[PDB]
Amino acid sequence: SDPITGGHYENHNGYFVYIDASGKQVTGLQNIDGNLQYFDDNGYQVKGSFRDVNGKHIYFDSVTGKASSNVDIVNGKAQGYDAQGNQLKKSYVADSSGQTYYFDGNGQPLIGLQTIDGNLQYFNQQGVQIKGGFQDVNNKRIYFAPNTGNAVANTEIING
Amino acid sequence: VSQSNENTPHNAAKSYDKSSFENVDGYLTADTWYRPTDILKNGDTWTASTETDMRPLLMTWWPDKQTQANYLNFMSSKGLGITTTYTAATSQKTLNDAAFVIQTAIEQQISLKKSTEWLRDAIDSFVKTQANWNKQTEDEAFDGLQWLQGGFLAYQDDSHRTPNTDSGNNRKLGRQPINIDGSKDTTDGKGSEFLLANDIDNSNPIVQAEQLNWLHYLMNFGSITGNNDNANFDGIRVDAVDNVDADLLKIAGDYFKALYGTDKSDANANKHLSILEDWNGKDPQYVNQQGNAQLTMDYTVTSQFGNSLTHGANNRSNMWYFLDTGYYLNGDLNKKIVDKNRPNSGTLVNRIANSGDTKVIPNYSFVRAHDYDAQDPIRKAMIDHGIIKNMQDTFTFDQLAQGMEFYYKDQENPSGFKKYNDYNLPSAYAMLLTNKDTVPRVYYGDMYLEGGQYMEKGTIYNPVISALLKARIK
Amino acid sequence: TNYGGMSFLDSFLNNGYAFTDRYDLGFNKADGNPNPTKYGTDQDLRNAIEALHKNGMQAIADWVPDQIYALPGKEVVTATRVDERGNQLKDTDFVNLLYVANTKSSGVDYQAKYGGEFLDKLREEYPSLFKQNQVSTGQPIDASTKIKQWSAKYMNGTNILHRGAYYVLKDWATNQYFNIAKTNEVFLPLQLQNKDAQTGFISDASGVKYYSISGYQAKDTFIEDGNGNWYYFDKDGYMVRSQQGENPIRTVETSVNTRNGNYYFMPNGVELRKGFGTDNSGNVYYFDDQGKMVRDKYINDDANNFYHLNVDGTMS
Ligand SMILES: OC[C@H]1O[C@H](OC[C@H]2O[C@H](O)[C@H](O)[C@@H](O)[C@@H]2O)[C@H](O)[C@@H](O)[C@@H]1O
Ligand SMILES: OC[C@H]1O[C@H](OC[C@H]2O[C@H](O)[C@H](O)[C@@H](O)[C@@H]2O)[C@H](O)[C@@H](O)[C@@H]1O
């Protein structure tokens, strides 16, 4: 969506509206000053929710209302999405809560032990990436790193 | 909202019984097909159904909107519709309308193909997609023996819903030798009753009788199947002792006593040599309290071979551990006073100075087995060379043959280093075959190569072991 | 052969530890053609055994009473998910559910021919074997019934078959399973009987009611709407909802036992999940992924915040 400028933001009943330089209230997907945003039919802005525009499933941020990546549970299953609303294939995505999935070639999240980009990582039964903890896989205990989630050597206190 | 409309009486069941519904014990399944009253043949004209005109229940009914929406989306993707996205949030009316346009398209491809097998496969595929109809709702796990097959279900005695399946209150689980009376049911001493496949209820007296029938059939196999009294088995190995009801040991013991007088003499007993696969460390003492009707294994010696010779390129327990000096009081090899108050920790048979004066538990012993130091190494080798990914992975015989070539190459490595295979097998056999108070057992795979054709090629160890064996006689 | 679940190497390597017919040791096909095991025909076996006796050696039979594989006939069992010792898994909803297992033998195999045949002869010749009590059961073995065909009633269980917890079809509203065995006690969705199935949420003066796709009213059951929200409908058929000035926490005891526990229902009936809820008196509780109150443990947060829940449920 082509950008616009010179229209102020107004708050009505707890919601952000945007009124054009023309002076008309704005609906639908809009790039305002380099930020991609959405307004429903009443002209209120959407934040922290997913909307469907054209063939795209686009999440908008909870603070700014700006289009960015998320994971949506679609029907029974998780599916990742980018800033432009395209289903992601062979990519990591972090959801709103800071949890991480990796979606394979078919866009379906990987589960269990996986080797990605030469890195060993683990995923729980719901597809979420284990980070900063031990995990018993294939009759062995492995620690996965705090931010990368990569397998590394670690020590724990067993008994004393 | 009301769902009934002009198609309802047509798609309704012809009959409310087993004729018109594919079922199991009366119940229905996700992949049930049924007989509708009428059929929208070719998507044109409704015509009465004939007994063979069966249709999938999921063409017409769904357990919930989520499933309905998934069905619609799935069938759409297979050419039946412009690919669609529906959600459980979609109105019921819209989903039902969309189901009908799919039904129409289905009847058209049935006319076009003159077959319904294509649909059977489409439904089967779709059904496995749904979590309630696949393993995701089964809690697959791999710890313990669940490692083998992914987890177990225990059947229950439920006369109201599933009365054919009732056990008549006879499903006692984990009655291994140490827990034969259930007195350790609340601890880890309860036996792991579940191992593989369909676990037979050997706590049921009717099933116990049947196991004896089978036992009789084996011990008289030649008489029964070839009227050849020389083609009969002489003794038995009891597989998976700790995973069944320990009554089976007594049943087998008493049978041999009755028919062969094994309790009469050593000549009778030793004419029908019988062994147990009894891994629990407290089985030897149980077996001996029950009169040694079958020979216990002696893991204590097999274990020490692992630690001191057979396992690991370097850090190995000393040969000193083979002695078990604690057997004597203060470990005094000069004074040799047996410690009556020993902590029950030690090797089964002391051999420091065995003159045959003290009674000891009869046993068999081994270095390797078909199921010890074989199945894991052979698979580790296949995994290590990218032939399979997991130990539980399915492999083909060609996959096995290729792996075997690496296994053999490692076994016979002139460097002397072994990655999958066991070290010092000759030296191990030398000890196994000279030990007093044991019946030694020899593994085919230490004499011949474990893969390929039976006895196709001897191992490098064959000559030494063969010599040891002949020397044992002399 | 694999009717569901993970195949094991014994089976696909034909080593003989995984078998369908316990009495078939290499017999010919019924058409007359040879049908060896991996080790050869039954004649080859009798010849091998005889040869060992001619050379003064004994032959050991592998007796494998623990299990049997790949039974071709289906039955509906009642099943609970368990570990190797038959103890229920700690955090499982799979408890006393109906499941289709493969437990029934063909009834026309060598188990049918030779099953129980030799027992009568044996009881006559050695009565005491059949009169001696076994320890685990207190009972003697029972040859009054012969097993020509295996079926679930003689089994403790099975490896999971990957079929699902609800492959056997059930109505969510009443929790009754569909059945057509006897015309006196049929239960089907109303569409299939050409009756009118109404479905959805409907308000009345007393409260909110729900009708499933099969046209039945929800009573004493949890129900999920199309947007993912969960509700509980009480015995009377009404959605539970919190009132003003009253405790939103409610204790639920359902037909489905695994779901028993304390829940937090909001004024519009939505069950709180994975979050904290305050009661009328200012006490805070936490409620898990599935809506249940959590008690007597520490609990962690995505931002690394830690909380403690007392035994009575409250948060210290
Ligand atoms: O390639 C870098 C990284 O991508 C993902 O992690 C992203 C992100 O995950 C969280 O929000 C952590 O808290 C941040 O520190 C991370 O940058 C993959 O999960 C990870 O495996 C990979 O290394
Ligand atoms: O398993 C028979 C074994 O039992 C005792 O030793 C157990 C174990 O002691 C240490 O952990 C060593 O590291 C191992 O090599 C030993 O197996 C008896 O002391 C020993 O004599 C016997 O072989």
# chains A, B, ... in the order shown; residues from 1 in each chain; ligands from 1
>>> residues_near_ligand(ligand="ligand 1", cutoff="8 Å", atoms="only C-alpha atoms and all ligand atoms", output="PyMOL selection string")
chain A and resi 92-94+98-102+121+129+131+146-150
>>> residues_around(residues="residue 83 (chain A)", least_positions_apart="2", cutoff="6 Å", atoms="only C-alpha atoms", output="list in words")
residues 67, 68, 69 and 85 of chain A
>>> interface_residues(of="chain C", to="chain A", cutoff="12 Å", atoms="only C-alpha atoms", output="ChimeraX atom specification")
/C:226-228,301-304
>>> write_last_selection(atoms="C-alpha atoms", output="PDB file, in the first residue's frame")
ATOM      1  CA  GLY C 226     -15.198 -21.886  16.706  1.00  0.00           C
ATOM      2  CA  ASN C 227     -12.845 -19.154  18.017  1.00  0.00           C
ATOM      3  CA  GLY C 228     -11.078 -21.430  20.454  1.00  0.00           C
ATOM      4  CA  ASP C 301       6.812 -17.316  33.069  1.00  0.00           C
ATOM      5  CA  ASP C 302       8.088 -16.508  29.492  1.00  0.00           C
ATOM      6  CA  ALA C 303       9.745 -13.335  30.936  1.00  0.00           C
ATOM      7  CA  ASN C 304      11.466 -15.411  33.683  1.00  0.00           C
TER       8      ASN C 304
END
>>> interface_residues(of="chain B", to="chain A", cutoff="10 Å", atoms="only C-alpha atoms", output="CSV table (one decimal) with N, CA, C and O atoms, in the first residue's frame")
chain,number,residue,atom,x,y,z
B,66,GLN,N,-14.5,-27.6,13.3
B,66,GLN,CA,-13.1,-27.6,13.0
B,66,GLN,C,-12.8,-28.7,12.0
B,66,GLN,O,-12.2,-28.5,11.0
B,67,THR,N,-13.3,-29.9,12.3
B,67,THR,CA,-13.1,-31.1,11.4
B,67,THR,C,-13.8,-30.9,10.1
B,67,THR,O,-13.2,-31.2,9.1
B,69,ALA,N,-14.4,-28.1,8.6
B,69,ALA,CA,-13.7,-27.1,7.9
B,69,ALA,C,-12.4,-27.7,7.3
B,69,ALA,O,-12.0,-27.3,6.2
B,70,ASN,N,-11.8,-28.5,8.0
B,70,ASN,CA,-10.6,-29.2,7.5
B,70,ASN,C,-10.9,-30.1,6.4
B,70,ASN,O,-10.2,-30.2,5.4
B,85,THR,N,-10.1,-21.8,2.3
B,85,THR,CA,-9.7,-21.7,3.6
B,85,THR,C,-11.0,-21.5,4.3
B,85,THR,O,-11.7,-20.6,4.1
B,86,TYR,N,-11.3,-22.4,5.2
B,86,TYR,CA,-12.4,-22.3,6.1
B,86,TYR,C,-11.9,-22.5,7.5
B,86,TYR,O,-10.9,-23.1,7.7
B,87,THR,N,-12.6,-21.9,8.5
B,87,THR,CA,-12.2,-22.1,9.9
B,87,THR,C,-13.4,-22.6,10.6
B,87,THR,O,-14.5,-22.6,10.1
B,88,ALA,N,-13.2,-23.1,11.8
B,88,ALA,CA,-14.3,-23.4,12.7
B,88,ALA,C,-15.1,-22.2,13.0
B,88,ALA,O,-16.3,-22.3,13.3
B,89,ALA,N,-14.6,-21.0,12.8
B,89,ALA,CA,-15.3,-19.7,12.9
B,89,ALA,C,-16.3,-19.5,11.8
B,89,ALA,O,-17.3,-18.7,12.0
B,129,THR,N,-4.6,-36.9,9.1
B,129,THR,CA,-4.4,-35.5,9.3
B,129,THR,C,-4.8,-34.9,10.6
B,129,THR,O,-4.2,-34.0,11.2
B,130,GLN,N,-5.9,-35.5,11.1
B,130,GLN,CA,-6.6,-34.9,12.3
B,130,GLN,C,-6.0,-35.5,13.6
B,130,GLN,O,-6.0,-36.7,13.8
B,131,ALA,N,-5.7,-34.6,14.6
B,131,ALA,CA,-5.1,-35.0,15.9
B,131,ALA,C,-5.9,-36.0,16.7
B,131,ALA,O,-5.3,-37.0,17.2
B,136,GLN,N,-1.0,-38.1,17.9
B,136,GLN,CA,-0.9,-36.9,18.6
B,136,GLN,C,-1.7,-36.9,19.9
B,136,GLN,O,-1.4,-36.3,20.9
B,139,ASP,N,-0.1,-39.6,23.1
B,139,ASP,CA,1.0,-39.4,24.0
B,139,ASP,C,2.2,-40.3,23.7
B,139,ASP,O,2.8,-40.9,24.7
B,140,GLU,N,2.7,-40.4,22.5
B,140,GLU,CA,3.9,-41.1,22.1
B,140,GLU,C,5.0,-40.7,23.1
B,140,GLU,O,5.2,-39.5,23.3
B,142,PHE,N,9.1,-42.3,24.6
B,142,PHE,CA,10.2,-43.3,24.3
B,142,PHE,C,11.1,-43.6,25.5
B,142,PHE,O,12.2,-44.2,25.4
B,143,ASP,N,10.7,-43.4,26.8
B,143,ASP,CA,11.5,-43.7,27.9
B,143,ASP,C,11.2,-45.1,28.3
B,143,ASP,O,10.0,-45.5,28.2
B,144,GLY,N,12.1,-45.8,28.9
B,144,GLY,CA,12.0,-47.2,29.3
B,144,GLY,C,11.7,-48.0,28.0
B,144,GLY,O,12.1,-47.7,26.9
B,147,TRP,N,10.7,-47.1,24.5
B,147,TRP,CA,11.7,-46.9,23.5
B,147,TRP,C,11.5,-47.7,22.2
B,147,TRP,O,11.9,-47.3,21.1
B,390,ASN,N,17.4,-43.2,12.9
B,390,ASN,CA,17.1,-43.6,14.3
B,390,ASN,C,17.3,-45.1,14.6
B,390,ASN,O,17.2,-45.9,13.6
B,391,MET,N,17.5,-45.5,15.8
B,391,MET,CA,17.6,-46.9,16.2
B,391,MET,C,16.3,-47.6,15.9
B,391,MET,O,16.3,-48.8,15.5
>>> residues_around(residues="residue 122 (chain B)", least_positions_apart="3", cutoff="12 Å", atoms="only C-alpha atoms", output="ChimeraX atom specification")
/B:31,56,58-59,71,74-80,106,116-119,125-129
>>> residues_near_ligand(ligand="ligand 2", cutoff="6 Å", atoms="only C-alpha atoms and all ligand atoms", output="list in words")
residues 300, 301, 303, 304, 307, 317, 321, 322, 323, 324, 346 and 347 of chain B
>>> select_by_dssp(residues="region 3-151 of chain C", states="helix (DSSP H, G or I)", output="number ranges by chain")
C: 9-12, 42-54, 110-114, 119-125, 127-131
>>> residues_around(residues="residue 21 (chain A)", least_positions_apart="4", cutoff="10 Å", atoms="only C-alpha atoms", output="ChimeraX atom specification")
/A:4-8,25
>>> atom_distance(atom1="CA of residue 168 (chain B)", atom2="CA of residue 154 (chain C)")
9.6 Å
>>> residues_around(residues="residue 244 (chain B)", least_positions_apart="3", cutoff="8 Å", atoms="only C-alpha atoms", output="ChimeraX atom specification")
/B:174-176,191,193,202,240-241,248 /C:65-66
>>> write_last_selection(atoms="N, CA and C atoms", output="tab-separated table (two decimals), in the first residue's frame")
chain	number	residue	atom	x	y	z
B	174	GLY	N	2.71	-57.41	35.72
B	174	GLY	CA	4.04	-57.32	36.31
B	174	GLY	C	4.32	-58.33	37.41
B	175	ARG	N	3.79	-59.54	37.27
B	175	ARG	CA	4.06	-60.56	38.27
B	175	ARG	C	5.37	-61.29	37.97
B	176	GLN	N	6.45	-60.53	37.79
B	176	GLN	CA	7.78	-61.10	37.57
B	176	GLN	C	8.19	-61.86	38.84
B	191	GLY	N	6.95	-55.67	37.76
B	191	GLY	CA	7.54	-56.08	36.51
B	191	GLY	C	7.06	-55.24	35.36
B	193	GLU	N	5.46	-55.45	32.46
B	193	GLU	CA	4.65	-56.45	31.76
B	193	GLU	C	4.60	-56.21	30.27
B	202	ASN	N	-0.84	-63.68	30.62
B	202	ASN	CA	-0.40	-64.94	31.21
B	202	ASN	C	-0.78	-65.09	32.68
B	240	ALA	N	12.04	-63.55	27.79
B	240	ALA	CA	11.39	-62.41	28.43
B	240	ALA	C	10.69	-62.79	29.74
B	241	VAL	N	11.47	-63.42	30.60
B	241	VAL	CA	11.00	-63.89	31.89
B	241	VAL	C	10.41	-62.78	32.78
B	248	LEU	N	4.42	-69.08	34.82
B	248	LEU	CA	4.85	-69.86	33.66
B	248	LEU	C	6.12	-70.70	33.91
C	65	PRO	N	6.22	-66.76	25.20
C	65	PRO	CA	4.83	-66.58	25.65
C	65	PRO	C	4.36	-65.12	25.86
C	66	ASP	N	5.27	-64.15	25.83
C	66	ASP	CA	4.91	-62.78	26.19
C	66	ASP	C	3.97	-62.08	25.20
>>> select_by_dssp(residues="region 65-292 of chain C", states="strand (DSSP E)", output="PyMOL selection string")
chain C and resi 67-68+73-82+97-104+155-159+200-203+208-211+221-224+230-233+249-252+261-264+275-278+284-287
>>> closest_residue(among="B:461, B:133, B:46, B:61", to="chain C", atoms="only C-alpha atoms")
B:133
>>> atom_distance(atom1="CA of residue 365 (chain B)", atom2="CA of residue 178 (chain B)")
21.3 Å
>>> residues_around(residues="residue 16 (chain A)", least_positions_apart="5", cutoff="9 Å", atoms="only C-alpha atoms", output="ChimeraX atom specification")
/A:9-11,39,43-46
>>> atom_distance(atom1="CA of residue 287 (chain B)", atom2="CA of residue 220 (chain B)")
25.7 Å
>>> closest_residue(among="C:251, C:28, C:191, C:149", to="chain B", atoms="only C-alpha atoms")
C:191
